[PDB]
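Protein chains in written order, with the working numbering: chain V, 1 to 98; chain B, 99 to 156; chain G, 157 to 216; chain P, 217 to 625.
The C-beta atom is built at its ideal place from N, Cα and C for all residues, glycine as well.
Take a look at the structure set out below.
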Amino acid sequence: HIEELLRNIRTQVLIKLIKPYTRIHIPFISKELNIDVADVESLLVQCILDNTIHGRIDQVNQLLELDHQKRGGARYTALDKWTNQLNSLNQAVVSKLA
Amino acid sequence: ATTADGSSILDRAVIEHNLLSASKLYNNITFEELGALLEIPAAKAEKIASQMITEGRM
Amino acid sequence: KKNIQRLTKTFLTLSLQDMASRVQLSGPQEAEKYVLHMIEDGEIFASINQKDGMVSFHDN
Amino acid sequence: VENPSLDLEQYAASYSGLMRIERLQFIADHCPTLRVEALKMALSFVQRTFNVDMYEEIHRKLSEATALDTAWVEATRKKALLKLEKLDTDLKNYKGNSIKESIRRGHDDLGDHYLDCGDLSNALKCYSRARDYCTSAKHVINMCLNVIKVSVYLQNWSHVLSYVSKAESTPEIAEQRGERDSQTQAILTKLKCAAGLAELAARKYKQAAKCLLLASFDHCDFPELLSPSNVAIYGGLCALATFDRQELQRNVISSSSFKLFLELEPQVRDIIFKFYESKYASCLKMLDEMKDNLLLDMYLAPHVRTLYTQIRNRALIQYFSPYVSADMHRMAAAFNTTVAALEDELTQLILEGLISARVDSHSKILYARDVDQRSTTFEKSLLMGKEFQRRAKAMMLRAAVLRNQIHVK
């Protein structure tokens, strides 16, 4: 069970470390966690796939971009719904009976 | 006493206070200017700034 | 033109020879001419870099 | 084929029917100097009760590929018909004098001698006649099991599914608590395995894996409907093909009953673990190696190849889930393919909307695409308004022409 450990603690440290950043170098994370870059990339991929870290990885520049975005634009989504509804209703008036 | 890296408790406390006070007069700052404002240019200015965040203090 | 637009729906930066092969236009110069005509007409949003014979899509 | 011949227990009790004959013949029709009596062993030396007529046909074929019993065939076939007449007489005497136990036995062993002597239609009609033998819920379970077992041979799955549903729903939802698994044997496992087999045969993989996964390992004492290794093959491959990450983690990874099944074959367990833990090159290599042995069995042949493609597609999506800008060289290297083939696959995937990305064929980089919500909303609302205005201006003319009553006389 020592393999399950030394991974939960690393995950918690990573989560508490990448919290305030928005675009953070991966070599910096590797230096902080005292592991090689491949392990850092694998851990980040596993965490993102598990919905524990909200961010993406820029592989070309070796960067991690966080999710300080997606503001309260849900209003637009609501409008979208209305749009399609209206479309259907239009047909229901243009082919109701004649 | 010294908090590990040869820094007195008063020095660390006043550095944290200076960072907190400068957070009220700056929209955004650079690491070099933040270090020039309160010494410790970049080795631990970013570290202190990130430590103040994730704790509700900034 | 429809095939070229569908190409823009997927790619971001494409070689002229690659575009000619995909749209079966049989020639990079002919593909460049078609893209230039469509850009002039406004049906497409693209730019041509002749240094590498490349076409980029700026859909904003 | 690099490391073959590591399978011996299969030849003992793999399957039952002509399907094993066809599949084993297909192996040796290709491999050098293998179509011989050694191959013919598992085909024809398994000849059993009434295996004389299809013996005649595929034995004429083997003869042509690689004598004709008519003395022993006449003797034992007409011996079997003699028992047909004489048994039929005995069971019909039990029918006439109305010994319910003996009449139901008549049904059962007559179906037995029908699968023992070629008859299948009258066997199915007797399985339906089992209705007359209305003892209790136990007899209902018994006849449902028999009809499922025979309809598996009969190449029908709609009736199999209907019988499975009616058997699961008739005794008040599997006797509610199950009557402590009836007689300390859970009949639920048999019905669940049969339902999963039928559902996968019906080109419905996800529904098959939903019910096939929950099967008790200790209650698989019927090695004639579906072998446990085949059960693990199905519940691994189909579940990997259909289930998403959370479903795979919940119903497979954390499930304890399926673990023993995964112990039957390390290959499926390794495939699942490698797919789960972001290891795709080795997973694809092992799948390619296992593809031949998987296609060996035809009960999964109309299902395997397509499923493989699906799995690959899923892998692709996963590889781009945590990345905002991926390098296609590493992607191609990790997917055991060249850059051009990966580019074509990604273009095909993007064209159908599975993955939102853009290919840059200058540095060969796959960038992520973010949709602008406000701009898209405005554009689609304007399009809807234009369409509505056009429809209105058409309908007004339609109404005007209806008022005048214009038509060609």
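Taking 3 residues as the minimum length, the stretch 262–313 of chain P contains no beta strand (DSSP E) run wholly inside it.
Assignment of P:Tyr379 by DSSP, reduced to helix, strand and coil, places it in the helix class.
Nearest CB-CB separation between P:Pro439 and chain V: not below the 8 Å threshold. In the three-state DSSP reduction, P:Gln465 falls in the helix class (H, G or I).
Among the residues facing chain P, G:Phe167 is included, as its CB has a counterpart in that chain under 8 Å away. A straight-line Cα-Cα distance of about 19 Å links G:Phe201 and P:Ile566.
Secondary structure note for P:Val555: its alpha helix (DSSP H) is the uninterrupted segment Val555 to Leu567.
Assigned with DSSP and collapsed to three states, P:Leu370 falls in coil, not helix or strand.
Interface criterion met: the Cβ of P:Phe604 is under 8 Å from a Cβ in chain V. Against chain V, the beta carbon of P:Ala542 has neighbours under 8 Å at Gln59, listed in chain order. The C-beta of V:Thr11 comes no closer than 8 Å to any C-beta of chain P. Counted as a single uninterrupted DSSP element, the beta strand (DSSP E) harbouring P:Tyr583 occupies residues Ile581 to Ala584. Using beta-carbon distances, P:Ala584 counts as an interface residue toward chain V, with a partner under 8 Å. In this structure, the straight-line span from the alpha carbon of P:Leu240 to that of P:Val447 is close to 20 Å.
In the DSSP secondary-structure assignment, G:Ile204 is bridged to G:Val211. The beta carbon of P:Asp576 is closer than 7 Å to those of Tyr583 in its chain, skipping five residues each way along the sequence. DSSP places P:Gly327 within a helical segment (H, G or I) once states are collapsed to three.
A contact between stretches requires three or more CB pairs, one per stretch, nearer than 8 Å, and the stretch 67–77 of chain V fails this requirement with the stretch 514–527 of chain P. In the DSSP assignment, B:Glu114 falls outside any beta strand (DSSP E) and lies within the alpha helix (DSSP H) extending over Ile107 to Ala120. Shown here, P:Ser572 sits in coil according to DSSP, grouped into three states, outside any helix or strand. Looking from the CA of P:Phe242, the closest CA among P:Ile571, P:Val366, P:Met514 and P:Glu568 belongs to P:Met514. Taking 8 Å as the CB threshold, B:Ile151 lines the interface with chain V. Using a C-beta cut-off of 8 Å, the stretch 447–467 of chain P makes contact with the stretch 415–426 of chain P, since at least three inter-stretch Cβ pairs fall below that distance. P:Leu255 sits close to P:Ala244, with the two beta carbons spaced by under 8 Å. Judged by beta-carbon spacing, P:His329 lies beyond the 8 Å limit of P:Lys294, meaning their Cβ atoms are not closer than that value. Here DSSP, grouped into helix, strand and coil, assigns B:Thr152 to coil. In the structure shown, G:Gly198 adopts coil according to DSSP, grouped into three states. Per DSSP, the beta bridge partners of B:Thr100 are B:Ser106. The Cβ neighbour count for P:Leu500, taken over all protein chains shown within 10 Å, is at least 16; the residue is labelled buried. The way I'd put it, the stretch 335–350 of chain P does touch the stretch 313–327 of chain P; three or more beta-carbon pairs between them come closer than 8 Å.
If the five residues before and after P:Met257 are omitted, its C-beta is found closer than 7 Å to no C-beta atom of its own chain. Note on geometry: alpha-carbon atoms of P:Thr554 and P:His545 lie some 8 Å from one another.
Excluding its 5 nearest sequence neighbours in each direction, V:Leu44 has C-beta neighbours in its own chain below 7 Å: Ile53, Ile57 and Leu64, listed in chain order.
Between P:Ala497 and P:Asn552, the CB-CB gap stays under 8 Å. Under a 10 Å Cβ-count criterion, P:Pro439 is classified as exposed, with fewer than 16 other Cβ atoms of the shown protein chains found around its own Cβ. When 8 Å is used as the limit between beta carbons, V:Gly73 is near these residues of chain P: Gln589 and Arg590, in chain order.
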